[PDB]
């Protein structure tokens, strides 16, 4: 059904529907499909879904000139631990990704692979099954008591990364990025947000290291910036974006309660702008908003009201994608896209609205999403959400 009580506003007259160049791509509008884990990849081997994924992405690519960022995609076995999330390190994975990107490109839209590593958010027993470490910044701190107990029970305690482990992660990012581009992707997004591995190095709650990868702002940023530099060099800065969540508390990150947190993210952005002024500007920075500190909470819950991402605009001078509870708040979008280099990511309501862009353009009702099929191995709740005209036929109006 449609979302009850939602009063839609047409956004056709705004910068949301002005073209913009992002890296090598030419967008027709600024409504972005952000990375959304859906768990339809098959086991063993973390292989993209051969039946439904190309259809799902093709559906959401249907407006020409749409930017699509894929679900988090593991860069290597050691970076993973979720059986039904895809990877892009292997030939078998690449083979299906080719079909998925083909479906997106057939719509004259664009595909960016989000490159993912889990760190302490992984499942230590699943890793142990595969002979893999349970990786983190500092084994002195665990993400929560459940995982700590699981780690003990699996005889796979947290492993503080060594410098050599970090070098291997960088090699994995490079390999996964080369595979992404060879498979046909228009670019990659480095996931350094939402409490996964890179974010764990950025955050002073998870990172208690005293080597060159922790203990200062500069040190905590080093791993993320080494990944950024490795990908700039191998696939070009215009094929690389970076995702950050300054105010996130998901997966036990500090968020705004850490008064040093904006200096940490300011440093990262300044380092990116320094690179840009030297001729190597990333295609974009993707920020999760304090509107959503935790995406497991329903829209309107978990909103941090004591800080904003405004600081980023004074530092970084390229495109910024903003995500978090924007679908239900066109009035907020209307104000924020007045800035001419701002794009808007719509997550949960892109799940439920394959024709979201049209609905935004025309001010139409939105399909309610069904959380119970976010992660199920089904076409149901994946490819069977109706377009507006289809919903009207089913009587949803």
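Residue numbers count along the first chain shown, from 1.
357 to 365 or 44 to 52, whichever carries the higher mean Cα B-factor: Per the PDB entry, the higher value belongs to 357 to 365.
Mean C-alpha temperature factor, higher of 331 to 339 and 35 to 43: For C-alpha atoms only, the mean B-factor is higher in 331 to 339.
C-alpha B-factor winner, where the candidates are 72, 241, 279, 80: Reading the PDB entry, the winner on C-alpha B-factor is 279.
Candidate set 186, 310, 130, 271 [ranked by C-alpha B-factor, highest]: 130 has the highest C-alpha B-factor of those listed.
Record-listed C-alpha B factor of residue 385: chain third: Middle third, going by the recorded CA B-factors of the chain.
Residue 319, C-alpha B-factor rank within chain (lowest, middle or highest third): Residue 319: CA B-factor falls in the middle third of its chain.
Third assignment of residue 260 from its chain's C-alpha B-factors: Middle third of the chain for residue 260's C-alpha B-factor.
Relative C-alpha B-factor of residue 89, binned into the chain's lowest, middle or highest third: For residue 89, the deposited C-alpha B-factor lands in the lowest third.
Third of chain Cα B-factors occupied by residue 28: It falls in the top third of the chain.
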